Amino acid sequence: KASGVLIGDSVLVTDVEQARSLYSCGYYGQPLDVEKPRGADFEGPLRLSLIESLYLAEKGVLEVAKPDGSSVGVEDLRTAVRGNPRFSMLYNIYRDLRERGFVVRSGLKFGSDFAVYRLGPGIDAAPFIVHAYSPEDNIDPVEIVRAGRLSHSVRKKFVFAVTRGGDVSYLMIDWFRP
């Protein structure tokens, strides 16, 4: 399947055919040469986040090497992920959603942690906008309204993904008129 190099907190896939493959087949990764490719027409490399890299490695799709060529194990990527509080949390949501058949992308353009699709960007009418929390997180109630604002032009609907101890559940939130 694919080979990548670990550099920083990312994995780069530099082989063009592997890069086009991973992107085309499930919308993994982000081409560094173009922001929103038309289908598979980019050169790469494909940058995988640490979370994506762990997922793909553990699924047996990705082999990761360090720049000096020595192998990086799944347990090594797991350690990197678990040692970053944000990436640990995000990974548990990321994995749950991928396992359930969703495409999971960065929510950056939407102001959220994830943009989640049933088939992919430009294919779904609109992604589910997903905000990551621990159930122990305290929020002011107006933070829910802020989430409503972010989703106001996409779909007024949005998701909180709530995770602890590896488990995830979700709150589906939408504007309501009594």
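Sequential numbering from 1, following the sequence displayed.
Note on 164-172 vs 10-18: mean CA B-factor is higher in 10-18. If you average the C-alpha B-factors over 117-125 and over 49-57, the higher value belongs to 117-125.
Note on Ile139, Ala132, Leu32, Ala40: the highest value goes to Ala40, judged by CA B factor as recorded. Ranked against the other modelled residues of its chain, the C-alpha B-factor of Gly73 as given in the entry falls in the highest third.
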